[PDB]
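Take a look at the structure set out below.
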Amino acid sequence: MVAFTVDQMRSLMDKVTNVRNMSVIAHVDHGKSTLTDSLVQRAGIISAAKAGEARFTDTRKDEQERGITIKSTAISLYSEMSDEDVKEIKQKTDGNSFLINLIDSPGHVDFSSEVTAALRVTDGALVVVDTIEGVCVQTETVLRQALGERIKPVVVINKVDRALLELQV
Amino acid sequence: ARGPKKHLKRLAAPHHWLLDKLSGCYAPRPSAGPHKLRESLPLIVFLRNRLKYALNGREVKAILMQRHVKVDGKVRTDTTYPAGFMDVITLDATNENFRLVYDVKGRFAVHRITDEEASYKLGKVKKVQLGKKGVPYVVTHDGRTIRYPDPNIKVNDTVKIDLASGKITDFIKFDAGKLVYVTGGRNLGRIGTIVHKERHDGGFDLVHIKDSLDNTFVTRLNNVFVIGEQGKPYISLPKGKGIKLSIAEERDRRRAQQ
Amino acid sequence: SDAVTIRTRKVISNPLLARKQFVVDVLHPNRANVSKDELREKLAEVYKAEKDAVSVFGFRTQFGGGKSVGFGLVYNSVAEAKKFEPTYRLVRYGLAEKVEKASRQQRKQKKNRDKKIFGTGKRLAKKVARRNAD
Amino acid sequence: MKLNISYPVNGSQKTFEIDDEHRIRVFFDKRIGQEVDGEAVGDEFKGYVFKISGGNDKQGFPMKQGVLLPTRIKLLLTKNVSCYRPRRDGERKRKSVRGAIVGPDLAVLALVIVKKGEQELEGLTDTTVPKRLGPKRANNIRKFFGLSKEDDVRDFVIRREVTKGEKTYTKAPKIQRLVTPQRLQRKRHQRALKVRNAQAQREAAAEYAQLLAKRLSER
RNA sequence: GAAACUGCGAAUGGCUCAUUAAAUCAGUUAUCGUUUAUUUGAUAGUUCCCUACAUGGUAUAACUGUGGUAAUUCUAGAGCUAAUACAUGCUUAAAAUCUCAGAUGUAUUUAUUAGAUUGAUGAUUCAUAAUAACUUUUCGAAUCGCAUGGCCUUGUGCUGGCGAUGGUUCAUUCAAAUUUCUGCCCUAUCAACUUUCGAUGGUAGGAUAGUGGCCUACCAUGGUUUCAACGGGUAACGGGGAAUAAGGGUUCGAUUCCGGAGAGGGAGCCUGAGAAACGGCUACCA
Ligand SMILES: Nc1nc2c(ncn2[C@@H]2O[C@H](COP(=O)(O)OP(=O)(O)OP(=O)(O)O)[C@@H](O)[C@H]2O)c(=O)[nH]1
Ligand SMILES: [Mg+2]
Ligand SMILES: [Mg+2]
Ligand SMILES: [Mg+2]
Ligand SMILES: [Mg+2]
Ligand SMILES: [Mg+2]
Ligand SMILES: [Mg+2]
Ligand SMILES: [Mg+2]
Ligand SMILES: [Mg+2]
Ligand SMILES: [Mg+2]
Ligand SMILES: [Mg+2]
Ligand SMILES: [Mg+2]
């Protein structure tokens, strides 16, 4: 619970240049809610022991039992960083800490309306791409919607462990 | 129920305070003190509703906390202090003294008194009893206990307390023909003279009272209060002298101002 | 000028509050709702004291017009005026103005969050920051 | 495993995360108020005798110094006990406390040095924490300074220089039980009141008995 | 002036009407059968078997510092630190009488005496006093603000104000608890009920603050009842009151005031003057 409870977190939220309202988008089975799990573990909200399987953003009973995502659950996180690299930011900056407002979109094609809502409501997009499956149809669709909504993507290539332990490349 | 109550709901207050029905939900609960709950007058009511000095409770509290009000010779800064029958309220600003006595209808009328007579205050002998170590004492109606009293003082007598030393200067003995003042009941506020005292052992002692206009009414011994000798009151009587005129005569007196 | 006749009835002088209480009976033909400020000024002039120990309030305008009746206060001095006037009347008049405090609900939740923390904030904030930062 | 090691003489404390449970097992089956040999805890602890006083297990439960169990139990705690601060006068609450016998379930053990041996250790003896608050009451500060009664302790008292606003105004403790002319006046006033009441009441008794004799003379 | 300790309050208020049919409640009595914080007034020269010009840490909070836990108004260890917190502990002679030099204030408990025909009551073993004693020791300010004065061997002097708070007891006041008399809707398709496990009473004790089968031991065989006991039903909290109202009535009254009960259901209990408290705790059931 790094997580300045609500009050100091909102105090930083007042500084509206070191806040990021971003949404994570990917293909159906590209592993986005697990990456958000690993990101929210550092907020002290879920144990590390249970990060990759406690899909904290997947909140519905179905979302947890079937290992899928349907709705978009917003999670808001506190982030401390170093003085050195905040100088290496091409953005207005006041302070050395940040507030991230993350949206965990569904990957399935049947739930792209939640991705559209998240894009309309956010401004940065984290595009998760499995290294094995590469660029699939749903990642194409979500990146197309983000570019239609004028949202800058940043790409993370996932499942390198799978590529290393299964493909032996 | 589970403890002493600390609020006094309006419409449960004593009637003679003449409180407005629709000002609030509550009436000033008399704090614990000398006289009683029912037959006392809080300084809040006496200062705001009887004298119209204060506009509200904050101003009554300010009056009391600037040591202006002084009851029975002491400041009595409590906002709901139970000032009762014949209590002397001395106000230094607007230097004037009140004796809190029943009017003819039974309410505390606003009755100015002089300083030389306001030096003292009068008390009904509630009991006479020999205390510890063999020291006799007298308890008066106003909760005052006085040591070493005259051995001839019995129950239902009356004593004048100096109010500076709190000691007996002179006293009236309860006998037929003594000026007595009615301190309860339907006849509350009436002044007369004892003619007869029916005993009724075990029950309630009765007394028959014949007022100055020869009207005779009987009241229980508990609420009859001697104030001296006929035509010679040892206290300053109110403007009405406790006559209890019939409504027709009262209406005629009102109509005489025309 | 308009015959704005400010009658003052029922004058009770209570030096207990160092003050004079009365009823003001402003007769104002052909004009409505006489201004509280000009009531204050005229009463100060009539009672030979500054317009800081005179107060007027509670004005009901007579049905039909031409008359308004309220209550008036006259302190002997501005100091006791400031001590005895309620703060709302003082702020209306122009004396020490209103305190900018938060909403009652906020205040209540604020003290409710204080009700949890036992000592001063520093002894627990050190531990909280240390722990969260590892 | 963590250990809060404290060195009370001259004041100090700090924590050691110990691991390699082989070099933890000596701290097992040990009661509270028991001494341990530092050698088994480590060769850098040669000559350290530690008195164990409490600790916290995993899941944060404080341990009770007299339960004598290696498992945590629910106990109804009272005003004058550990592990419970009553939130209302007379309140008693049932809380789970850890037993007095220390085992692997303990997250952190609390231990105080009661003997120093070999080469000193960093942050317990090189550092020294001064006492936060000097004596305030007259006779406590007298006993602290080894003075006698008639030594006028006002002349020198513990004085802290808070150089805050470029004045360096110094604050010293207020003195309690100080012999004061005001306290002596209060004592004299109380004695005078008692004697005056006694004399006045005796005079009243005499004159009332005189009145009784006078009124009984009429027979 | 943070926090904290201390103190006080949180037992009021407010809500609701589930239980409850002689129960609550209304009017009327009693406490000569009890507890009472607070207020108001009065009241305590008696203690000591090398500190009183003022005692102990047997004390600690807050704060510093080391923390555990996911989390709670969670807390442990280490370092202090105070009091009207906790615990101790004298100075007041003088006046005075009994016992063989001591004791004689008050508080607790018992016994005896007085309490008259030297106080009160309608009435007492009452108030109260005295005597002989007994206390896992009660109180009899080791407390605080503001002013400083009078004397004088001019000292670190002796005396001395107004207040606050504390405190034993008594009275009073806010009260509380029991309590007398009479008065509740329908029902006999309820006529006998109660009493082994208290029912009615006697004695003794226990417990209570006090009375009392309230509980126990012994003992008696009682007590309520067609003037309706007991049982059953109430979509019954009681009353002040409300609607309609020639008179008489009929119906309603969960609900602005008073009284009672309860805080999902039962039970138990801490603290406190006051709670069987639930915006207190503990446990069982849901
Ligand atoms: N080998 C490997 N598997 C991964 C990795 N990340 C996720 N997975 C697996 O991929 C599955 C999908 O994970 P999710 O958290 O549901 O994320 P998602 O694929 O975006 O699913 P949706 O949110 O429903 O779209 C999980 O069961 C993981 O086991 C990875 O980095 N390496
Ligand atoms: Mg997911
Ligand atoms: Mg799947
Ligand atoms: Mg009652
Ligand atoms: Mg019902
Ligand atoms: Mg009703
Ligand atoms: Mg109902
Ligand atoms: Mg009610
Ligand atoms: Mg209740
Ligand atoms: Mg409910
Ligand atoms: Mg309860
Ligand atoms: Mg409640």
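Per chain, numbering begins at 1; letters A, B, ... match sequence-line order. Heavy-atom basis, side chains included; hydrogens, waters and symmetry copies ignored.
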So, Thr141(A) side chain and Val137(A) main chain: donor-acceptor pair closer than 3.5 Å or not? yes
Any luck finding a side-chain donor-acceptor pair between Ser53(D) and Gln65(D) under 3.5 Å? no
Determine the minimum heavy-atom distance between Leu77(A) and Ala43(A), stating which atoms define it. CD2-CB, 3.8 Å
Give me the atom names and distance for the closest heavy-atom approach of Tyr169(D) to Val162(D). O-CG1, 3.2 Å
Spell out, as yes or no, whether a donor-acceptor pair under 3.5 Å connects the side chain of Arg60(C) to the backbone of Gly58(C). no
So does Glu133(A) have more than 12 non-hydrogen atoms from other groups sitting under 6.0 Å from CD? no
Without swapping roles, check the side chain of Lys95(D) against the backbone of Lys74(D) for a donor-acceptor pair under 3.5 Å. no
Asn96(A), CG atom: more than 12 neighbouring heavy atoms under 6.0 Å: yes
Find out whether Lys30(D) and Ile101(D) are in side-chain contact, i.e. whether some heavy atom of one side chain is under 4.5 Å from a heavy atom of the other. no
Are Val67(D) and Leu75(D) side-chain neighbours, meaning at least one heavy-atom pair lies under 4.5 Å? yes
side-chain hydrogen bond (donor to acceptor under 3.5 Å, both in side chains) between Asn33(C) and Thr61(C), intermediate numbers included: CA-CA 7 Å; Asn33(C) 53 44; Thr61(C) 317; over 6 Å; no
Write down the atom of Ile25(A), the atom of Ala125(A), and the distance for their closest heavy-atom approach. CD1-CB, 3.9 Å
Quick one: does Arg98(D)'s side chain have a donor or acceptor within less than 3.5 Å of a partner on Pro70(D)'s backbone? yes
Which heavy atom in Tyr48(D) sits nearest to a heavy atom in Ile113(D), and how many Å separate them? CD2-CG2, 3.7 Å
Any side-chain heavy atom of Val36(D) sitting closer than 4.5 Å to one from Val26(D)? yes
What I want to check is whether the side chains of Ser105(A) and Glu114(A) have a donor and an acceptor closer together than 3.5 Å. no
Would you be so kind as to tabulate the donor-acceptor pairs closer than 3.5 Å made by side chains of residues 153-161 of chain A, with sequence neighbours excluded?
from, atom 1, to, atom 2, distance (Å)
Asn158(A), ND2, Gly31(A), O, 3.1
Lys159(A), NZ, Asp29(A), O, 2.5
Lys159(A), NZ, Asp130(A), OD1, 3.4
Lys159(A), NZ, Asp130(A), OD2, 2.5

Are there more than 12 heavy atoms of other residues, nucleotides or ligands under 6.0 Å from atom NZ of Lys108(C)? no
Which residue pairs pass the ring-ring contact (aromatic ring centres under 6.0 Å, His included) test when at least one of the two sits in residues 12-55 of chain A, sequence neighbours left out? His27(A)-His30(A)
Give a yes or no on whether a salt bridge exists between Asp37(C) and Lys51(C), defined as a side-chain N under 4.0 angstrom from a carboxylate O. yes
Could you pull out the closest heavy-atom pair between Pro173(D) and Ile158(D), with the gap in Å? CD-O, 3.1 Å
Taking 4.0 angstrom as the limit, do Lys110(C) and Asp114(C) come out as a salt bridge? no
salt_bridge(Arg72(D), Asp57(D)) N-O dist < 4.0 Å: yes
Counting neighbours of CZ on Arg42(A) that are heavy atoms of other residues, nucleotides or ligands and sit closer than 6.0 Å, is the number greater than 12? no
Short N-O contact, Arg120(A) and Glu149(A), less than 4.0 angstrom: yes
Return the set of residues passing side chain to side chain contact (heavy atoms under 4.5 Å, CB included) with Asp20(D) (not counting sequence neighbours), or none when no residue passes. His22(D), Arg23(D)
Within a 6.0 Å radius of atom CD on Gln106(C), are there more than 12 heavy atoms belonging to other residues, nucleotides or ligands? yes
Using a 3.5 Å distance criterion without hydrogens, assess whether the side chain of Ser38(A) forms a donor-acceptor pair with backbone atoms of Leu35(A). yes
What's the shortest heavy-atom distance between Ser12(D) and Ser6(D), and which atoms? O-OG, 3.0 Å
Side-chain donor or acceptor of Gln8(A) paired with backbone N/O of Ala3(A) under 3.5 Å: no
Please determine, by modelled atom types, if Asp104(A) and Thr57(A) share a side-chain donor-acceptor pair under 3.5 angstrom. yes
Whether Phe4(A) and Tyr78(A) hold their rings parallel, tilted or perpendicular, with breakpoints at 30° and 60°: tilted
Give the C-alpha distance, both sets of side-chain angles, the deciding distance and a yes or no for ring pair (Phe, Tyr, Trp, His ring centres under 6.0 Å) between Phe57(C) and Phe59(C). CA-CA 6 Å; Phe57(C) 51 88; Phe59(C) 285 91; 7.8 Å; no
Do other residues, nucleotides or ligands put more than 12 heavy atoms under 6.0 Å from the CZ atom of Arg31(D)? no
Hey, are the side chains of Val112(D) and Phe50(D) touching, using non-hydrogen atoms and a 4.5 Å cut-off? no
Got more than 12 heavy atoms from elsewhere within 6.0 Å of CZ, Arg66(A)? no
Between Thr170(D) and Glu161(D), does the side-chain hydrogen bond (donor to acceptor under 3.5 Å, both in side chains) criterion hold? Intermediate values first, please. CA-CA 4 Å; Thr170(D) 289; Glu161(D) 321 279 334; 2.2 Å; yes
Angle class for the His108(A)/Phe111(A) ring planes (parallel below 30°, perpendicular above 60°, tilted otherwise)? tilted
No-hydrogen, no-angle side-chain donor-acceptor test under 3.5 Å, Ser82(A) and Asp85(A): yes
Indicate yes or no for a side-chain donor-acceptor contact from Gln168(A) to the backbone of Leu165(A) under 3.5 Å, with no hydrogens or angles considered. yes
Under a 4.5 Å cut-off applied to non-hydrogen side-chain atoms, are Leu102(A) and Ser23(A) in contact? no
Under the 3.5 angstrom rule, does the side chain of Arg20(A) hit a backbone N or O of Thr17(A) as a donor-acceptor pair? yes
May I ask you to test the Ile52(D)-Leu109(D) pair for a side-chain heavy-atom distance under 4.5 Å? yes
Verdict with reasoning, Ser55(C) to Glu85(C), per side-chain hydrogen bond (donor to acceptor under 3.5 Å, both in side chains): CA-CA 9 Å; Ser55(C) 296; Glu85(C) 285 304 359; 2.3 Å; yes
Output the distance between atom CG (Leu3(D)) and atom CG (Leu111(D)), rounded to the nearest 0.5 Å. 5.0 Å
Is there a donor-acceptor pair closer than 3.5 Å between any side-chain N or O of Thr122(A) and the backbone N or O of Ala118(A)? yes
Establish, for the pair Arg94(D) and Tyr84(D), whether the NZ or CZ atom is under 6.0 angstrom from the six-membered ring centre and no further than 45 degrees off its axis. no
Taking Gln138(A) for its side chain and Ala26(A) for its backbone only, find out whether a donor-acceptor pair lies under 3.5 Å. no
Determine whether more than 12 heavy atoms belonging to other residues, nucleotides or ligands lie under 6.0 Å from atom CD of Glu122(D). no
